[PDB]
There are 4 protein chains.
Amino acid sequence: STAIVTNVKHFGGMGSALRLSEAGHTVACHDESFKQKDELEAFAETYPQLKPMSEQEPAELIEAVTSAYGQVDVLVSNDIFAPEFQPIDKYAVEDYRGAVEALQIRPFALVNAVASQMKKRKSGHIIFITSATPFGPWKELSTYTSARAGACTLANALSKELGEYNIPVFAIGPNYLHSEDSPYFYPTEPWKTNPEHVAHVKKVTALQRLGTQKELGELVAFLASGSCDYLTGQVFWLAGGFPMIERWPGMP
Amino acid sequence: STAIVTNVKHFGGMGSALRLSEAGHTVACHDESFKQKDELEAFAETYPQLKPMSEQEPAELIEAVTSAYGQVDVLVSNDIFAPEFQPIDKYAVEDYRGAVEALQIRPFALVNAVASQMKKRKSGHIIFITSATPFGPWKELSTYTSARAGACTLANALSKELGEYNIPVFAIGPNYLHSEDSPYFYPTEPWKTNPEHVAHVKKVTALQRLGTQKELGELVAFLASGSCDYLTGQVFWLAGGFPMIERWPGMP
Amino acid sequence: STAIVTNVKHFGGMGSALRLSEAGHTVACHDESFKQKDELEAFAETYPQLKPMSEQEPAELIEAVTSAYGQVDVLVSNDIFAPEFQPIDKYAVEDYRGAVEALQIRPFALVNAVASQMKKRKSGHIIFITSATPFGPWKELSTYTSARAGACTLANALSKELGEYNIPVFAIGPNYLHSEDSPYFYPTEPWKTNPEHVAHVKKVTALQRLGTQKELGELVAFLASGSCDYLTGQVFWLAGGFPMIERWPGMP
Amino acid sequence: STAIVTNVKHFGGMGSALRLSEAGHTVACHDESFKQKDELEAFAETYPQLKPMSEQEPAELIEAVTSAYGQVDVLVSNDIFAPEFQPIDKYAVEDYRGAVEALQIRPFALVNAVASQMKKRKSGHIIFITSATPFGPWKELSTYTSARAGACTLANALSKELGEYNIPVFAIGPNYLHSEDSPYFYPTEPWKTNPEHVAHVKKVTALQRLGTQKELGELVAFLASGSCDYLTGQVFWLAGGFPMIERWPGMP
Ligand SMILES: O=[N+]([O-])c1ccc([C@H]2CO2)cc1
Ligand SMILES: O=[N+]([O-])c1ccc([C@H]2CO2)cc1
Ligand SMILES: O=[N+]([O-])c1ccc([C@H]2CO2)cc1
Ligand SMILES: O=[N+]([O-])c1ccc([C@H]2CO2)cc1
């Protein structure tokens, strides 16, 4: 079928896009960098199995893909944002608006623009790539964490109404997902190179390692394949056992 | 001590302000209608125990209450919004921006404006009156429901950093809370007078009745009293046992 | 690899065993009826791809499968119990001891018996088929519901310690899962043939239908395949969007 | 009114019993130590404001109190158990049965024996003192943690059916609750005396301290007073912000 993966160069983009691609799907890709013709061309040449789009806005992206490839069967909203950690009184209100805009309004807008075609055909799959931070908040990251929670609930609430149209909706909230070269949010440097960060991941995850793009890709492909639509409304915590909780003194 | 209750004329406003006042707090009250001198003076006359303020924005409100009453010991962010039930494709992206601005940005702005003084003296209480809809979402109310979820997580996230400063943070998510003359969100009419609505309430809640302003106010006063600060980060589902789930055929 | 599926003739048993077998696993099957040679040989004849075992207790079952097939790579604890709906005062304390023995003690006993070999080689997968009732409890089923919750948490708790040994642990909590000829818990008759039951399902689930054995089996195979071990600790609500919550009067 | 607090000498017993007592309630108390006449007498003399009972079994305790003081209005099931931390393969199955018996079956039995009188009068309050471990499991404590989860869900499930009889049911799951001289579960030594344990509590809780018996007492008295029955079904995490999640390297 035809799928859309946003911010393909970051977060769970390449894992999602490529696995969906390997599955035989036509994968249209979005990314801020695709604004530049040079960037989009370099990407189109490196990945002939993918279809990079120049469109940046939600409804515009949806239309470009629909016209270009017939329709949109699967939506993978790979949302990102660059938040600063900071005491609540140190943030500017605009810092919260920014997080909400990028992490809640964006996925809402994408679904708002594609739900019509999916509901008429009574077929489609919606997947939000959110975050596992809501499951275990770190102090001083209130903007990002609460915005991600809003997106998680958005997905669950959507499943309630789209199910009547045979449209499953899921939310995958990862953490410690190896992002390789992308700074969103666990790049090879220093997460796989620095002893201190490696020790950190070892301590906070049950599997004692970072998650892989392959794992995220496998889940997205599985959910989009229609093999288990009965899981609709599910929020998947892709965080390898995180959070591991500090045990009493005397325990290893 | 001094407490601030926003949108006092609606939702959990009156219950919170009245009970807080009885507990001994000087209660500064905010409401959109207070922009008008005639509305503020009328309220002030009906409720001499309350202290209605005219300030409308978060920053100026906290400053105003601080000048008049020395400081802000308790913040009750009684947030409201007038949403409509709509299939996701029938909403305008603007309708979600509106819900988030009213239900997430606003309480964030209030805490952002008052956190400094509370942290400086290491004392204070923050209470968000959110919603129980995230616990059990209805079809076609994705905007309001997801935004309320963002606020709930915001409260829990904030509890993690403010606890270091001895400042507890809580979220009270009601549903089926009798709002008397306020349209937000269960006015006496029709919820207590129309056969179909009355029956609906007896069906969807375990206690088979609407929640009262007194119960909400009792909880607010209890949490702000300092009697149980160890509950910090808690999201209280004030919905009388809602949601009651449809049982198998034949069961009474 | 080798997988074990318990109570194979009921609940999520057939879906799990059949799909696991298709994936390439040698599937050892347990069932209470296998105590009888006539029942075991009949099953073995109908499903030549499956390997029915006669062993009934956890310890002997794992030992038996280990001798015959070398080792146990995947454990699917498909636990069942025959509860009755009863007001708490109408239950006998014995009825709860029974539910807990069947829904908590049993899976605990299986993991307790197989964990050693999995940890020694640092590989394996553990899947508990629990229930989604804890997500949305019905009145008068406190025994079964609370016991299933104990099992779900058992799975999540186990994921924390076994992750160190590269052993993922998951819980699949279904509801409205078509059990075909099995009375546990949604047999084709009446759930797919009686007007009232059929209508009930369309009302309480988002997808408005029963879950299929194939969907459950797809999930089991996917989790045991090693494609997404990073989901360890996850409780999957396999209930098609259940529970759907009663909306206000007048709404279609 | 008349209340029953079990295992009064341990966990949240003294905080509950005494505060309920200070409120003017007739508080009948149970404790294993009360088996010995000497023990019960020493307690009766030290606390004339409390009514220690010799009965040990659920139904027996309920009858003794009912006959002695007319009826049972409030039930505070202060359940305890002494679990060992241990890899799942190192536990004996009996270790899980023991935890379940003490943490699930006991509270179930108490409610099973008192629900009748409360439902006929259509008045009463049920409070389970469980644990916050299910909210954030430590590795190698699978028996205790999962049993507590079962009790938490038991309370929520019970609220669904008892609400029709105006009977609120709550679960209070504490952690890091100062137990003073009781070994269940955070005695003064070494939790308040040892620098290492003090540093631990400081790190894992948001309020950076142990919870107090007064705080637990205040919540139990509040819930039993009937001031906020609309919170029925609520599970209260009385753990002071726990769990605090390890932040990235470089963060304070
Ligand atoms: O900004 N951060 O520090 C941050 C940290 C972790 C994540 C996880 C969800 O992917 C996102 C963002
Ligand atoms: O707009 N509605 O339909 C609505 C319904 C219920 C609530 C609950 C949170 O108080 C708010 C709004
Ligand atoms: O006994 N019942 O009524 C019952 C109902 C629903 C389920 C769900 C978990 O598969 C099990 C049992
Ligand atoms: O046995 N332990 O190690 C233990 C630890 C913590 C608690 C918390 C719930 O009160 C109970 C038991």
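Just follow the structure's listing: the first ligand is 1, and inside any ligand the first atom is 1. To find a chain, count down the sequence lines: A is the first, B the second, and so on, and within it residues start at 1.
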Trainee: Report yes or no: do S146(B) and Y96(B) form a side-chain donor-acceptor pair below 3.5 Å?
Mentor: yes
Trainee: Checking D79(A) side chain against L103(A) main chain: does a donor-acceptor pair fall under 3.5 Å?
Mentor: no
Trainee: Can you find a non-hydrogen atom of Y184(A) under 4.0 Å from ligand 1?
Mentor: no
Trainee: Under a 4.0 angstrom heavy-atom cut-off, which atoms of ligand 1 come close to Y186(A)?
Mentor: 6 (C)
Trainee: Can you tell me which residue and heavy atom of the protein come closest to atom 7 (C) of ligand 3, and the distance to 0.1 Å?
Mentor: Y144(C) OH, 3.8 Å
Trainee: For ligand 3, which atoms sit closer than 4.0 Å to a heavy atom of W138(C)?
Mentor: 5 (C), 6 (C)
Trainee: Distance to 0.1 Å, residue and atom name: give those for the protein heavy atom nearest to atom 3 (O) of ligand 3.
Mentor: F85(C) CE1, 3.0 Å
Trainee: State the atoms of ligand 2, each with its element, that fall below the 4.0 Å cut-off from a heavy-atom position in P174(B).
Mentor: 8 (C), 9 (C), 10 (O)
Trainee: Hey, is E180(B) close enough to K192(B) for a salt bridge, meaning N to O under 4.0 Å?
Mentor: no
Trainee: Atoms of ligand 2 less than 4.0 Å from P83(B) heavy atoms?
Mentor: 1 (O)
Trainee: Looking just at side-chain N and O atoms, do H197(B) and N194(B) make a donor-acceptor pair shorter than 3.5 Å?
Mentor: yes
Trainee: For atom 9 (C) of ligand 3, what is the closest protein heavy atom, and at what distance to 0.1 Å?
Mentor: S131(C) OG, 3.0 Å
Trainee: So which heavy atom in the protein is nearest atom 8 (C) of ligand 3, and how far is it from that ligand atom?
Mentor: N175(C) OD1, 3.5 Å
Trainee: Can you tell me which residue and heavy atom of the protein come closest to atom 2 (N) of ligand 3, and the distance to 0.1 Å?
Mentor: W248(B) CH2, 3.8 Å
Trainee: Do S179(A) and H10(A) have side-chain atoms, one donor and one acceptor, less than 3.5 Å apart?
Mentor: no
Trainee: Which residue owns the protein heavy atom closest to atom 12 (C) of ligand 3, what's the atom, and how far is it?
Mentor: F185(C) CD2, 3.3 Å
Trainee: When rounded to the nearest 0.5 angstrom, what distance separates CG in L141(C) from CD1 in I88(C)?
Mentor: 13.0 Å
Trainee: Side chains of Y144(A) and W138(A): do they bring a donor and an acceptor to under 3.5 Å?
Mentor: no
Trainee: Do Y184(B) and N7(B) have side-chain N/O donor and acceptor atoms under 3.5 Å apart?
Mentor: no
Trainee: Is the shortest distance from a heavy atom of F81(A) to ligand 1 less than 4.0 Å?
Mentor: no
Trainee: Any atom of ligand 1 sitting under 4.0 Å from a heavy atom of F11(A)?
Mentor: yes
Trainee: Aromatic rings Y186(C) and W248(B): how do their planes relate, parallel, tilted or perpendicular, breaks at 30° and 60°?
Mentor: perpendicular
